[PDB]
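**Q** For reference, the structure I am asking about is given below.
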Amino acid sequence: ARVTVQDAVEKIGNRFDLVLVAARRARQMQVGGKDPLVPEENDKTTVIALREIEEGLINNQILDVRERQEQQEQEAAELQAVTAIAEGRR
Amino acid sequence: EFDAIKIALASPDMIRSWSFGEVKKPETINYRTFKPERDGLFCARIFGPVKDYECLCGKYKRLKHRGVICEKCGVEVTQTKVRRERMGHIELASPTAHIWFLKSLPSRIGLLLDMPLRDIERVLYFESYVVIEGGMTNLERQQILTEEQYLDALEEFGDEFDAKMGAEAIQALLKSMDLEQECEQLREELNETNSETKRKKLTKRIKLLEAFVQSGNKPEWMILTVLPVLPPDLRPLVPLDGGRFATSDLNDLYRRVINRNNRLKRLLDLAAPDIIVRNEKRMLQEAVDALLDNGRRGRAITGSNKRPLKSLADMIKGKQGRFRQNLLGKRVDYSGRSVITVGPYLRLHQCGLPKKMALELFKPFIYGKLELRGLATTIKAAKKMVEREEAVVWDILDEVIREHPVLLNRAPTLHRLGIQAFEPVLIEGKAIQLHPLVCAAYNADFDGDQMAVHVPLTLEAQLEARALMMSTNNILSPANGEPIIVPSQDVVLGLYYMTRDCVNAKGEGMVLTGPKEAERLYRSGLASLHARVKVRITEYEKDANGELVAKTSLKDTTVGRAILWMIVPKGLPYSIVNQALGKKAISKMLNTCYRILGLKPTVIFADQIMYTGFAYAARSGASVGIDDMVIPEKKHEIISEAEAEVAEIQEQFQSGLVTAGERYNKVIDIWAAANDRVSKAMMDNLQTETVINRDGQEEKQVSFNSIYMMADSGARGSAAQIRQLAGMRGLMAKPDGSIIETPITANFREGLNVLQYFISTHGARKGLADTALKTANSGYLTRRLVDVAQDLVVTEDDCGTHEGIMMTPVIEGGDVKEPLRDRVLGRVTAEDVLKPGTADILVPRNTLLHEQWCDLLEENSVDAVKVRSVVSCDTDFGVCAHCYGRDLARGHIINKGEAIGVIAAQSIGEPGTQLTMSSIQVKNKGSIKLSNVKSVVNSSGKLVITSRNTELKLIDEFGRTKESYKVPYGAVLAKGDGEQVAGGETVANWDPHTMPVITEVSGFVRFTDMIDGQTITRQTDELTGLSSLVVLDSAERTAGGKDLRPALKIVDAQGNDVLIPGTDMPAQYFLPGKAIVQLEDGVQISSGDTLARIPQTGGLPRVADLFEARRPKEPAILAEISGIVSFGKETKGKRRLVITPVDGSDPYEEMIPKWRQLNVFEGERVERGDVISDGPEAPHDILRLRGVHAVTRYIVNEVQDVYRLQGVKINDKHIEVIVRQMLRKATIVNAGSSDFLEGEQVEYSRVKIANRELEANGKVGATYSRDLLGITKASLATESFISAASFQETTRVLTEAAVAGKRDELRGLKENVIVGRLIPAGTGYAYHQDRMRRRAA
Amino acid sequence: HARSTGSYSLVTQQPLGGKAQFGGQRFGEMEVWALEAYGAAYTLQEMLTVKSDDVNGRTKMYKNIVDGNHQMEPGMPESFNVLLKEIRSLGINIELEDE
DNA sequence: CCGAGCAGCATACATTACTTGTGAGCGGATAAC
DNA sequence: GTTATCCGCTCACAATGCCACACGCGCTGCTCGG
Ligand SMILES: [Mg+2]
Ligand SMILES: [Zn+2]
Ligand SMILES: [Zn+2]
């Protein structure tokens, strides 16, 4: 249920950065969809992202650190696999 | 893929490089076989294969041969799309000029060669000769020749003398010229000669040469040798139903040119009859000129269709040129339009949408959803399903738009609100419902006005529309901080009816346990909708910030107000409803609700207001009948009486008792008086005719008539229209503007005779024609605006300056037309404004003046405050956050990225459709201030004024300024400074046509060349007999008194000159012409005595000329410097006039039109910036004299007067940014260590950063003078060119920016729009800062 | 009447204009000024390039939006390349800067 | 012998046509040494 | 007389957006043709 964006722009003191980070999070939740944190009400991913923003648990830093954690896990797993293959080829 | 655009000339090698071949034959397509004729304007061999991935001859037909060329016809079998790209070239059989660089003032070739354009044209077209290299003969390298001179020199010289003619002659002349040699020659020469007109032309030429040699261009390229022909696909021969291919005019021009070329080559091969080939080269030059531009040199009309042909330039310039037609605004494939109904049920963010339109628009989303649910595995199956509209597709569609926003737009999108975002709701029919409030915002009626729809498809755009342009975001105009969501009509009527009070209505005198109880009591039909009762009400409050206390009161109210109270959302006190609640009251209620509760409850509250208003309006059944509008029973009597009056007045005139003009005036005066009488009588009879009784005799009350209920509530129409309907229609206006004597004594309810209707038609057609012209004019104005401020984006957050303007409440002389509160509401202070008690800083130096600080200022009652305007911000290539101040249409300060320029232009241009096309009487009390006043006390205790800049001011008790008039030279003062006077007292009056010669030191007077006959003419005052003298100046009389000059020596009481009190310079009182002097010789003078007495737009075009800052007709000349005045030699072109400085030199003896009145004496010490010959002050001179703050104050005050005259309000930030734009150019004074020339016009930003960088080192900077151009010329001289290109000219700017190689860095809105990438304004600002912080290191 | 997709002008790869030609509405000058008055950067961008031009870009947008992904791959509107070729057809040389 | 394409044609001439409003370069009159 | 100065003369150059509809779009006597 989104009718305004004032709470969101309060959590991010600029409408421009607001829509930017919210579109980034919505793209996350739409393609390669991370599960939406706030329980959706059968709504589009856009308002889901806005709600997750205004609730106070999504912002620029949170998105960046989540991306970095994903990078770390991904690199650790794939490097373990490549070392296993390296032993398998010898 | 890029970050810049470079443009320059194209060397013949470059052009031949672009081409993939040479066209040789003119004919395009064979009709007996629809195939491109070989080596023609569409040949496949040169440009590309017609059929996709298929040879022309038909040999190769498969992708297995992508790249090979056939051999039967020789075509490279690739994608047909390439025919959109490959270009051709034409090896011209002889050089030819380029019509742009020849006829684009100033002609590039002309300035490049120091040759008059007329001779250049006469030698290009083969009707002259030009000698080159200047051989042994006495012929100069630039000299021209006609026939006889040429052949005679040929007889006298067979060699060493090369007089060539035509294009190739000019080509050789160019290629022979050494660029840097002549450049440095003129450079060393410019420091040698005078005057500054030669120096001006020469600095222009050396600028041209330096820009040329700087770029890689070479002058011989300015004469074409190989003409590149446009790709074929871009000039497509479009077919018809049969074989009637519509020949696009470009192919016609190209065929003409190539035909001339082929014929000319054939002639060149056949022994070349000299005059024949001469004329043929002339004809070919003409044809090529026509192709590059059909404009100059006559026309090139097509066969039997009397109209010129679209040349290449014609495909770029104009409203159909690629810029304003396809690049700037391009048609969208993903949208639709319809007609808008009302649909008054949807919520404020929703909007109706027909099933047909949604099913057509969201088709790809529907295909996606169907593929998801697998209800149609193939895309073609899904297309079939949508074609049949199975019962599932509607559920799918309803699902796919549950939150997907949409864009609605009105046809003329004057300002930012012209496009809004809604959520669609499916409806039937084909109309587009939209909320009534936003339709009042769109300036959209329901007369059949159409609206366009758009669907933002990418995720960024969906979320952007939801976050930025959704209706629940735009509730304040970017122009004024007023709320745009105003309940217009049909609800103000409803609420107003719901909140009134019949003195005796069913249910009066009860007690209600609450609002819901009153609602039930009403719906049950037991109590009237409006009767006085005692209702218990729980109005909530916020005592501390956050809390909500409740004070259950028992207030006397009416049932209607109590019912309405069920809608206010736990905020506002009861006093917001208890009133009669008209329209202004509704706006006030909505404003205070947005102020207290925030936004979301306010939009819910506004929607609830709209709903209940419509509901109880319908329940009211407000209805206008013929017997509703009443006529006062005195109107007949008043009109008959005024008729008797005008009759006896006219008889008096024909009886010879009054002049015809004053008779007309008296007649119109008594008619206007009778009109006001009838209007007041009608109003006083209508508004209170309701005389009802309660428990007894009688009571009056405000009327319940349907009319005047649609008026008192402000629902629709003002009392001026009511009186024009029921009361007398009043006077009417002639076509010229004069007013007819006999007015329209009748009214609309009664009949109108034929003549009265005729005059009303005069007026109405005047109005309609005015509207029909002003629409287009204002459109052009706003288009010019948005293309001079389209660059402004707020980048810096704090420029860190101290210079603002001194905002002060405007005072036109009468009341304060605008207090300081609104002129400073929301704009950061430049200086820490302290209260009148000094040493106590009231506000810190960087405070955003939000409303509470304005309240504090009103409390301490400050006169003026310095504020950080935009015209003084120090941001390079932009403007800082603070210098723009409060982000109107919101509350906070602006966010870095909002393109203030475009919204400012829009806010200024939107109301354009509402434009058109002796004594002193104080009013209030208080001290009497007199600023810049040099006056002397006469022999009557008064104070006669002797200076020009004497400004009278009335100050109230609070020390603040209240009134301000301009006392001229020679006014009497009934009071002095610090004199408490009451209003109406005439403190100063003066005869307008007397410029006295009052003396500041008394004594006697002697004459120096004050003689009759020659200089002066003596005549007796035949009425009385006093020997008056008409003293003529040198100019007034004949030449017999040119050198003879009067001088009234202010001598002692014995006949010798004494000084002035304070200084040692006596008063040599000289005379102006037409001086009717009365005081005979030797008669005593009293200080302040008249030694002689000498006599003396409005709408959209006004603001237009103001922004163009064009020099008005005979502008008010000012003084450049200070010093004492002195005339010179008469008829020096214009009469001479010098102003000797205090200590410096006066090298200027400025020339002034002797005929036009000169306001200055000869013994006056005139400070710079003072009126010399009154009139309008041209903005150029205003700036050049008193800096930039003077000119910005002047322009904002003028345009703001123009707007306040029409009732519209515009916040000054926008005009401030506009003036900041139209003076961004600069001129250089010195040269300094910088690489800048003297008269070179540079951008203030660039020269300022150059001075900054030079001051970083030890070297000196160059002093600059801020220029000021009209918005059009300012935009044209923009650093970037593509903007200036698309804007208005796109034929000079292209030539110039080419011949100089002005590599256009985009860094701007319109440029990026053209390119198609993001915009530095919006979220694209974040994108661009990320880029320029990462890509550009 | 509305327009999802359909024909396009051949000289400039834009949708046709007119109810009969099944064309779409025209986003005009004042419309663009309004759209950029708000910070609607991405909206204006997609309405410029991928909606009307960049034929490859718009086919990609179509194929990507039927696949439930509202991301755009913008580019250079062929109208601008047409302008380039027109100017270049004159003696003027206009290029896209390398960087 | 006329039907079907073509190449360069202000139809050869006097076509033609009140004010549109503004800036800007330009050529003949003008002040000065 | 000349050199710079200035004032009337003539020409270039702009004219809101959309929408819809309608209509039309060389020719012609020389040239290729049987
Ligand atoms: Mg209308
Ligand atoms: Zn082939
Ligand atoms: Zn600033």
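Going through the structure tokens in order, the chains are called A, B, and so on, while each chain numbers its residues from 1 and the ligands are numbered from 1 in the order shown.
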Can you pull out the residues contacting region 565-570 of chain B? Cut-off 9 Å, using only C-alpha atoms (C1' of nucleotides), and skip same-chain residues under 5 positions away; I want them as an MDAnalysis selection string.

**A** chainID B and resid 515:516 537:541 548 560 577 593 597 601:602 604:605 608:609 612

**Q** Any chance you could export the current selection's N, CA, C and O atoms as a compact mmCIF listing (two decimals), in the first residue's frame?

**A**
# COMPACT_ATOMS: atom_id res chain seq x y z
N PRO B 515 -21.03 14.52 16.67
CA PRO B 515 -21.27 14.72 15.24
C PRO B 515 -22.06 13.60 14.60
O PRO B 515 -22.98 13.86 13.81
N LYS B 516 -21.72 12.35 14.92
CA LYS B 516 -22.45 11.22 14.35
C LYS B 516 -23.93 11.30 14.70
O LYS B 516 -24.79 10.94 13.88
N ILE B 537 -18.23 18.25 21.00
CA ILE B 537 -17.19 17.99 20.01
C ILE B 537 -15.87 17.78 20.71
O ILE B 537 -15.54 18.49 21.68
N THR B 538 -15.09 16.83 20.22
CA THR B 538 -13.79 16.51 20.80
C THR B 538 -12.72 16.91 19.79
O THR B 538 -12.25 16.09 19.01
N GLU B 539 -12.33 18.18 19.83
CA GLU B 539 -11.25 18.64 18.98
C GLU B 539 -9.91 18.29 19.61
O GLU B 539 -9.66 18.62 20.78
N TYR B 540 -9.06 17.62 18.85
CA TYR B 540 -7.77 17.20 19.37
C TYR B 540 -6.74 18.31 19.20
O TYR B 540 -6.95 19.28 18.46
N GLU B 541 -5.62 18.16 19.88
CA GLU B 541 -4.59 19.19 19.89
C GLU B 541 -3.23 18.54 20.07
O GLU B 541 -3.13 17.36 20.43
N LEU B 548 -1.24 14.37 21.56
CA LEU B 548 -2.58 14.68 21.05
C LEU B 548 -3.53 14.68 22.24
O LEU B 548 -4.05 13.64 22.64
N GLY B 560 -24.93 21.11 9.99
CA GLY B 560 -24.06 20.89 8.85
C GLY B 560 -22.59 20.90 9.23
O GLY B 560 -21.83 20.01 8.84
N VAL B 577 -13.72 25.07 11.07
CA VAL B 577 -14.98 24.71 10.45
C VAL B 577 -16.12 25.64 10.84
O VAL B 577 -16.99 25.92 10.01
N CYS B 593 -4.10 22.21 7.33
CA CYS B 593 -3.99 20.77 7.54
C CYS B 593 -2.68 20.23 7.00
O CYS B 593 -2.06 19.37 7.62
N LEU B 597 -0.55 18.49 10.11
CA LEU B 597 -0.56 17.04 10.14
C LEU B 597 0.45 16.39 9.21
O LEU B 597 0.67 15.18 9.32
N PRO B 601 -2.25 12.31 5.84
CA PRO B 601 -3.59 12.66 6.31
C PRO B 601 -4.17 13.83 5.55
O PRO B 601 -5.39 13.91 5.41
N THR B 602 -3.34 14.72 5.02
CA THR B 602 -3.88 15.86 4.29
C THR B 602 -4.47 15.44 2.96
O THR B 602 -5.52 15.94 2.56
N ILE B 604 -5.67 12.43 2.29
CA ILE B 604 -6.90 11.72 2.63
C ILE B 604 -8.00 12.71 3.00
O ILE B 604 -9.16 12.54 2.61
N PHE B 605 -7.64 13.76 3.72
CA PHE B 605 -8.61 14.76 4.13
C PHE B 605 -9.16 15.53 2.94
O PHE B 605 -10.35 15.82 2.88
N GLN B 608 -11.61 13.26 1.17
CA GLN B 608 -12.86 13.20 1.91
C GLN B 608 -13.66 14.49 1.74
O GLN B 608 -14.89 14.45 1.62
N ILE B 609 -12.97 15.63 1.72
CA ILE B 609 -13.64 16.90 1.45
C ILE B 609 -14.33 16.85 0.10
O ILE B 609 -15.50 17.22 -0.03
N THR B 612 -17.49 14.48 0.26
CA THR B 612 -18.62 15.02 0.99
C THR B 612 -19.17 16.27 0.33
O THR B 612 -20.37 16.53 0.38

**Q** I'd like the contact shell of region 11-25 of chain E - 7 Å cut-off, only C-alpha atoms (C1' of nucleotides), skipping same-chain residues fewer than 3 positions apart - returned as a VMD selection string.

**A** chain B and resid 411 to 412 775 to 776 779 to 780

**Q** Find the residues near region 28-31 of chain D: any atom within 9 Å, counting only C-alpha atoms (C1' of nucleotides), skip ones fewer than 6 places away on the same chain, and give them as a ChimeraX atom specification.

**A** /B:1131-1133 /E:5-7

**Q** Keeping only N, CA and C atoms (P, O5', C5', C4', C3', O3' and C1' of nucleotides), write those residues as an mmCIF file, in the first residue's frame.

**A**
data_model
loop_
_atom_site.group_PDB
_atom_site.id
_atom_site.type_symbol
_atom_site.label_atom_id
_atom_site.label_comp_id
_atom_site.auth_asym_id
_atom_site.auth_seq_id
_atom_site.Cartn_x
_atom_site.Cartn_y
_atom_site.Cartn_z
ATOM 1 N N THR B 1131 25.942 71.093 -32.510
ATOM 2 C CA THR B 1131 25.877 70.318 -33.749
ATOM 3 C C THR B 1131 27.223 69.661 -34.052
ATOM 4 N N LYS B 1132 27.791 69.029 -33.027
ATOM 5 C CA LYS B 1132 28.933 68.143 -33.197
ATOM 6 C C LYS B 1132 28.409 66.753 -33.540
ATOM 7 N N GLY B 1133 27.597 66.660 -34.592
ATOM 8 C CA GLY B 1133 26.787 65.477 -34.810
ATOM 9 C C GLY B 1133 25.631 65.496 -33.832
ATOM 10 P P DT E 5 35.998 57.256 -34.860
ATOM 11 O "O5'" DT E 5 34.837 57.949 -35.708
ATOM 12 C "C5'" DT E 5 34.693 59.359 -35.687
ATOM 13 C "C4'" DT E 5 33.232 59.743 -35.563
ATOM 14 C "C3'" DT E 5 32.336 58.683 -34.940
ATOM 15 O "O3'" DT E 5 31.342 59.308 -34.141
ATOM 16 C "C1'" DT E 5 31.683 59.073 -37.200
ATOM 17 P P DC E 6 30.141 58.453 -33.503
ATOM 18 O "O5'" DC E 6 28.956 58.654 -34.551
ATOM 19 C "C5'" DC E 6 28.594 59.968 -34.944
ATOM 20 C "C4'" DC E 6 27.457 59.945 -35.944
ATOM 21 C "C3'" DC E 6 26.300 59.010 -35.595
ATOM 22 O "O3'" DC E 6 25.079 59.608 -36.000
ATOM 23 C "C1'" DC E 6 27.133 58.449 -37.693
ATOM 24 P P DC E 7 23.674 59.088 -35.423
ATOM 25 O "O5'" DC E 7 22.597 59.740 -36.407
ATOM 26 C "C5'" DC E 7 23.029 60.394 -37.597
ATOM 27 C "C4'" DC E 7 22.245 59.910 -38.805
ATOM 28 C "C3'" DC E 7 21.001 59.091 -38.485
ATOM 29 O "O3'" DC E 7 20.028 59.275 -39.500
ATOM 30 C "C1'" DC E 7 22.512 57.754 -39.672
#

**Q** Within 9 Å of ligand 3 (counting only C-alpha atoms (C1' of nucleotides) and all ligand atoms), which residues show up? I'd like them as a list in words.

**A** residues 796, 797, 798, 799, 800, 801, 802, 803, 868, 869, 870, 871, 872, 873, 874, 875, 878, 879, 880, 881, 882, 883 and 884 of chain B

**Q** Only C-alpha atoms, please: the residues just picked out, written as a PDB file, in the first residue's frame.

**A**
ATOM      1  CA  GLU B 796      27.306  22.835  -5.247  1.00  0.00           C
ATOM      2  CA  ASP B 797      25.808  22.637  -1.785  1.00  0.00           C
ATOM      3  CA  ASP B 798      27.313  25.888  -0.468  1.00  0.00           C
ATOM      4  CA  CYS B 799      29.154  28.327  -2.722  1.00  0.00           C
ATOM      5  CA  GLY B 800      30.553  30.114   0.320  1.00  0.00           C
ATOM      6  CA  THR B 801      30.012  33.752  -0.630  1.00  0.00           C
ATOM      7  CA  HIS B 802      28.775  36.840   1.169  1.00  0.00           C
ATOM      8  CA  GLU B 803      27.147  38.923  -1.586  1.00  0.00           C
ATOM      9  CA  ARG B 868      21.982  35.098  -0.943  1.00  0.00           C
ATOM     10  CA  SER B 869      20.426  35.366  -4.380  1.00  0.00           C
ATOM     11  CA  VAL B 870      21.319  33.223  -7.362  1.00  0.00           C
ATOM     12  CA  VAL B 871      22.642  36.130  -9.451  1.00  0.00           C
ATOM     13  CA  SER B 872      25.606  36.251  -7.073  1.00  0.00           C
ATOM     14  CA  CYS B 873      26.319  32.557  -6.463  1.00  0.00           C
ATOM     15  CA  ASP B 874      29.908  31.557  -7.171  1.00  0.00           C
ATOM     16  CA  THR B 875      29.329  28.061  -8.558  1.00  0.00           C
ATOM     17  CA  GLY B 878      26.050  25.947 -11.978  1.00  0.00           C
ATOM     18  CA  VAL B 879      24.524  27.279  -8.762  1.00  0.00           C
ATOM     19  CA  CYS B 880      24.907  26.238  -5.152  1.00  0.00           C
ATOM     20  CA  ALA B 881      22.096  24.892  -3.003  1.00  0.00           C
ATOM     21  CA  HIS B 882      21.820  27.772  -0.550  1.00  0.00           C
ATOM     22  CA  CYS B 883      21.917  30.577  -3.113  1.00  0.00           C
ATOM     23  CA  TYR B 884      18.658  29.187  -4.505  1.00  0.00           C
TER      24      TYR B 884
END

**Q** May I ask you to write as a PyMOL selection string all residues lying at most 12 Å from ligand 2, with only C-alpha atoms (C1' of nucleotides) and all ligand atoms counted?

**A** chain B and resi 38+44-45+48-51+53-61+68-77

**Q** So that I have them on file, write out the residues from the current selection with C-alpha atoms, as a tab-separated table (two decimals), in the first residue's frame.

**A**
chain	number	residue	atom	x	y	z
B	38	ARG	CA	23.59	1.61	-62.03
B	44	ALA	CA	23.11	-0.65	-55.19
B	45	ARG	CA	26.76	-1.02	-56.16
B	48	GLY	CA	24.10	-1.16	-50.74
B	49	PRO	CA	21.91	-4.10	-51.68
B	50	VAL	CA	18.17	-3.57	-51.74
B	51	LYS	CA	16.95	-6.95	-50.55
B	53	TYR	CA	21.25	-10.32	-47.53
B	54	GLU	CA	20.63	-10.79	-51.25
B	55	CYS	CA	22.61	-9.79	-54.33
B	56	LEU	CA	21.01	-7.41	-56.80
B	57	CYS	CA	21.39	-9.64	-59.86
B	58	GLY	CA	19.99	-12.50	-57.79
B	59	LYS	CA	23.02	-14.79	-57.78
B	60	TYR	CA	23.79	-14.92	-54.06
B	61	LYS	CA	20.83	-15.35	-51.73
B	68	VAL	CA	31.31	-11.11	-50.73
B	69	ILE	CA	30.44	-8.89	-53.68
B	70	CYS	CA	28.79	-10.38	-56.75
B	71	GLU	CA	30.21	-10.06	-60.25
B	72	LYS	CA	27.11	-9.97	-62.46
B	73	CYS	CA	26.13	-6.66	-60.85
B	74	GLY	CA	28.85	-6.12	-58.25
B	75	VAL	CA	27.06	-5.46	-54.97
B	76	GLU	CA	28.22	-6.37	-51.47
B	77	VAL	CA	25.57	-8.76	-50.15

**Q** Which chains and residue numbers are within 12 Å of ligand 1, counting only C-alpha atoms (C1' of nucleotides) and all ligand atoms, if I want them as number ranges by chain?

**A** B: 339-341, 410-412, 439-440, 442-451

**Q** I need the chosen residues saved as a compact mmCIF listing (two decimals), in the first residue's frame, with N, CA, C and O atoms.

**A**
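File produced: result-v3.txt:
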# COMPACT_ATOMS: atom_id res chain seq x y z
N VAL B 339 -10.36 11.32 -24.85
CA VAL B 339 -11.06 12.46 -24.28
C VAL B 339 -11.35 12.15 -22.83
O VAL B 339 -11.61 11.00 -22.46
N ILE B 340 -11.30 13.18 -21.98
CA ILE B 340 -11.39 12.99 -20.54
C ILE B 340 -12.79 13.35 -20.06
O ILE B 340 -13.30 14.44 -20.35
N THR B 341 -13.41 12.43 -19.33
CA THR B 341 -14.61 12.70 -18.58
C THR B 341 -14.22 13.10 -17.16
O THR B 341 -13.05 13.40 -16.88
N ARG B 410 -1.64 16.74 -20.72
CA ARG B 410 -2.53 17.65 -21.43
C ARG B 410 -1.82 18.19 -22.66
O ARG B 410 -0.60 18.21 -22.72
N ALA B 411 -2.61 18.62 -23.65
CA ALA B 411 -2.01 19.01 -24.93
C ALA B 411 -1.05 20.19 -24.79
O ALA B 411 0.14 20.02 -25.10
N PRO B 412 -1.47 21.39 -24.34
CA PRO B 412 -0.47 22.41 -24.02
C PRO B 412 0.05 22.22 -22.61
O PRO B 412 -0.66 22.48 -21.63
N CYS B 439 -7.58 17.94 -12.43
CA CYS B 439 -8.03 18.55 -13.67
C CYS B 439 -8.15 20.06 -13.53
O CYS B 439 -8.06 20.77 -14.54
N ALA B 440 -8.36 20.55 -12.31
CA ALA B 440 -8.16 21.98 -12.08
C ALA B 440 -6.68 22.33 -12.11
O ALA B 440 -6.32 23.48 -12.40
N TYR B 442 -4.34 20.67 -14.13
CA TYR B 442 -3.95 20.62 -15.53
C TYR B 442 -4.39 21.84 -16.32
O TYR B 442 -4.03 21.96 -17.49
N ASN B 443 -5.16 22.74 -15.70
CA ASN B 443 -5.90 23.76 -16.44
C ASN B 443 -6.76 23.09 -17.50
O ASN B 443 -6.84 23.53 -18.65
N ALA B 444 -7.41 22.00 -17.11
CA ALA B 444 -8.18 21.18 -18.03
C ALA B 444 -9.66 21.28 -17.68
O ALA B 444 -10.08 20.89 -16.59
N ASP B 445 -10.44 21.82 -18.61
CA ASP B 445 -11.89 21.82 -18.50
C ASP B 445 -12.41 20.48 -19.00
O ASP B 445 -11.64 19.54 -19.24
N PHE B 446 -13.72 20.36 -19.16
CA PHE B 446 -14.33 19.20 -19.79
C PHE B 446 -15.17 19.63 -20.98
O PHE B 446 -16.29 19.16 -21.19
N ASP B 447 -14.62 20.55 -21.78
CA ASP B 447 -15.22 20.98 -23.03
C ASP B 447 -14.88 20.05 -24.18
O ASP B 447 -15.05 20.43 -25.34
N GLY B 448 -14.41 18.84 -23.88
CA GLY B 448 -13.89 17.96 -24.90
C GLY B 448 -12.39 17.98 -25.03
O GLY B 448 -11.87 17.45 -26.01
N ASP B 449 -11.69 18.59 -24.08
CA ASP B 449 -10.24 18.63 -24.13
C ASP B 449 -9.69 17.21 -24.06
O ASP B 449 -10.12 16.41 -23.23
N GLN B 450 -8.76 16.89 -24.95
CA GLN B 450 -8.18 15.56 -24.99
C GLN B 450 -6.95 15.48 -24.11
O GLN B 450 -6.31 16.48 -23.79
N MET B 451 -6.60 14.26 -23.72
CA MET B 451 -5.41 14.01 -22.93
C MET B 451 -4.71 12.76 -23.43
O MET B 451 -5.36 11.80 -23.85

**Q** Measuring between only C-alpha atoms, which one of A:35, A:46, A:1, A:55 shows the shortest distance to chain C?

**A**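 Once distances to chain C are computed over only C-alpha atoms, the minimum belongs to A:46.
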
**Q** Report, in Å to a single decimal, how far apart CA of residue 413 (chain B) and CA of residue 487 (chain B) are.

**A** 21.2 Å

**Q** Which residues of chain D have any atom within 10 Å of an atom in chain B when counting only C-alpha atoms (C1' of nucleotides), and what is the closest pair of atoms for each, with the distance in Å to one decimal? Order the rows by chain and rising number and write it as a tab-separated table.

**A**
residue	atom	partner	partner_atom	distance
D:5	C1'	B:31	CA	9.7
D:6	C1'	B:27	CA	9.8
D:7	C1'	B:259	CA	9.0
D:8	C1'	B:256	CA	7.9
D:9	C1'	B:303	CA	8.6
D:10	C1'	B:301	CA	7.1
D:11	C1'	B:304	CA	8.6
D:22	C1'	B:1110	CA	9.3
D:24	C1'	B:105	CA	8.4
D:25	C1'	B:105	CA	7.7
D:26	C1'	B:116	CA	9.9
D:30	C1'	B:1133	CA	7.2
D:31	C1'	B:1132	CA	6.1
D:32	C1'	B:1132	CA	9.5

**Q** If you count only C-alpha atoms (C1' of nucleotides), which residues fall within 8 Å of residue 15 (chain A), apart from same-chain ones fewer than 5 positions away, as a ChimeraX atom specification?

**A** /A:9 /B:467-468

**Q** Which polymer residues have any atom within 7 Å of an atom of residue 54 (chain A), counting only C-alpha atoms (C1' of nucleotides), with same-chain residues fewer than 6 positions away left out, as a ChimeraX atom specification?

**A** /A:7-8,11

**Q** Could you give me, as a PyMOL selection string, the residues within 9 Å of region 160-175 of chain B, counting only C-alpha atoms (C1' of nucleotides) and dropping anything in the same chain fewer than 4 positions from it?

**A** chain B and resi 94-97+109+112-113+120+122-137+139+141-142+144-145+150+153-154+218-223+278+281-282+285

**Q** Taking only C-alpha atoms (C1' of nucleotides) into account, what are the residues of chain C at most 9 Å from chain E, put as a list in words?

**A**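 Residues passing the distance filter: residues 18, 19, 26, 28, 29 and 30 of chain C.
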